[PDB]
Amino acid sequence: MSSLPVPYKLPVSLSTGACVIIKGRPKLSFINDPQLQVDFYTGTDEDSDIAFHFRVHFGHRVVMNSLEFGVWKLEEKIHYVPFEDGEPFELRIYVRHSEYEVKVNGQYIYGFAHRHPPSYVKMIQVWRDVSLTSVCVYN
């Protein structure tokens, strides 16, 4: 029941081989339609673009996208992701040469083809209805 502040922001540097590990817990029950959002920004300003947007509608679906010149682009969705109601989760995002690889709770979930070079990602924001245990960037 320790937590980072939410919304949480940190500066980052991403390269091939890097891994973002996010651990926390939904802060509300699923019947309350809670959400989790992770945004990889290509700048440090409020109005910077988002190279990778990962949004969990707990109990319903996951959507992924990018924000480019202020426009949401092609939405990619996952019907089922194994987040458990009331349980802690572990989310990992690996930076590969051609895609981000998304892992949740020991399962491979998705490969998101890059739309922007990861070298341009400058900060990450993790927010909405979560308590956050830790946000680590490796390599």
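So that there is no doubt, residue numbering starts at 1 and follows the sequence shown.
Q: Got a sec? Mean C-alpha B-factor, which is higher, 52 to 60 or 28 to 36?
A: Higher of the two, by average CA B-factor, is 28 to 36.
Q: So which stretch wins on mean C-alpha B-factor, 81 to 89 or 67 to 75?
A: Result of the comparison: 81 to 89.
Q: Taking the values exactly as deposited, rank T44 by C-alpha B-factor within its chain and report the matching third: lowest, middle or highest.
A: Top third by C-alpha B-factor.
Q: Split into thirds by Cα B-factor across the chain's modelled residues, where does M123 land: lowest, middle or highest?
A: Middle third.
Q: With respect to C-alpha B-factor, does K103 fall in the lowest, middle or highest third of the chain as deposited?
A: Lowest third of the chain for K103's C-alpha B-factor.
Q: Select lowest, middle or highest to describe the third in which the CA B-factor of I22 falls within its chain in this entry.
A: CA B-factor rank for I22: lowest third.
Q: Using the B-factor values recorded in the entry, state whether the Cα atom of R96 falls in the lowest, middle or highest third among the modelled residues of its chain.
A: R96: CA B-factor falls in the middle third of its chain.
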